[PDB]
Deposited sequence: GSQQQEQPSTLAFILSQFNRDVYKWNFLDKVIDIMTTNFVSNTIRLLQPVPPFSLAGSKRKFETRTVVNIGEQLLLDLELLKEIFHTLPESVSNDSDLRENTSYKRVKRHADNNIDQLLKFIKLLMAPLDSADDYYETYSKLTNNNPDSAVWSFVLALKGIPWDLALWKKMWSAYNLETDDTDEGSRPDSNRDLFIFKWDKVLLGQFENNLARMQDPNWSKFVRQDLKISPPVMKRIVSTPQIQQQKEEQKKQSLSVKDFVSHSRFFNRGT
C-alpha cells in the first residue's frame, strides 16, 4: 500500500522538483541545438555556424539568462506556501538544494563554453576542473564541438593530446539530453575522411 500519492503537500513539492528539471532541460537542450555542429561533418559541409569568439559572447549572454533563471527558482517555493515559517521543510530545503544544484551545473557548463582555446594545457586545466575530471571522450568532444572549433583534425589532436596525456559513466550536462549526445556520437563515426575516421575509432573511441 502507497499513501504519499494522496498527500497534497508531498505532491506540491515533487511538482516544483519537476518544474525545476523541465526548465533545466530546456535550458540545456536549447543551448545545444543552437550551438551544435550540422551533420554531415567535415571541413566541407562547413564552415561552423559561429566563430569561437562569438560562442564566448553567446556564453556571456547565457549567464544573464542563467541569473534570471536562478531567481525564478528561488521564487518557486513561494508559489506553494500560504504559511511561510520556512526554517523547514525538510522538503523545502530539498527543493532549494535541487535548484541550487542544477544552477551550479548550468553555470559550469556555460563557464566551459566561454573558456578560451589558446593553449591545449590551459584548456585541460579548466575542462577537468569544470567536469570533475570526466574521462569520457565523447562528452569531451561534444563540448569542444559546441565550443565552435572547426573540423580541423590538426587542431583537434592539438587539443586532444593535452587531455589524453592527463587522463558508472558521467555524461556531465548531457545528463539532461542524452539523445543529442547520442546523435552527435553517431554523426562522428559517419565521417568519410579516413584520417578522421581513424582519429575517432582509435584515438577517441
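For this chain, the deposited residues without C-alpha positions form the stretches 1-12, 180-190, 229-271, given in sequence order.
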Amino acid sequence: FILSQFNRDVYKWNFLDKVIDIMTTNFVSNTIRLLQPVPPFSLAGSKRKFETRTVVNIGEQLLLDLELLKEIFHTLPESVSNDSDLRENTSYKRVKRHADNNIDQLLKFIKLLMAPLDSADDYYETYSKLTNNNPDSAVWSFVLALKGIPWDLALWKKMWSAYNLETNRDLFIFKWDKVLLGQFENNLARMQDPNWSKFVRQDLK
From here on, numbers count along this sequence of modelled residues.
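Of the two segments examined, 74-82 and 99-107, it is 74-82 that shows the higher average Cα temperature factor in the deposited entry. Stretches 19-27 and 187-195 differ in mean C-alpha B factor, with the higher average recorded for 187-195. Of the candidates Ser46, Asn57, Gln36, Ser141, it is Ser46 whose Cα B-factor is highest according to the PDB record. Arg87 sits in the highest third of its chain by CA B factor, as recorded in the PDB entry.
The deposited CA B-factor of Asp152 belongs to the highest third of values across its chain. In this PDB entry, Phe172 carries a Cα temperature factor that places it within the lowest third of its chain's modelled residues. For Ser119, the recorded CA temperature factor ranks within the highest third of the chain's modelled residues.
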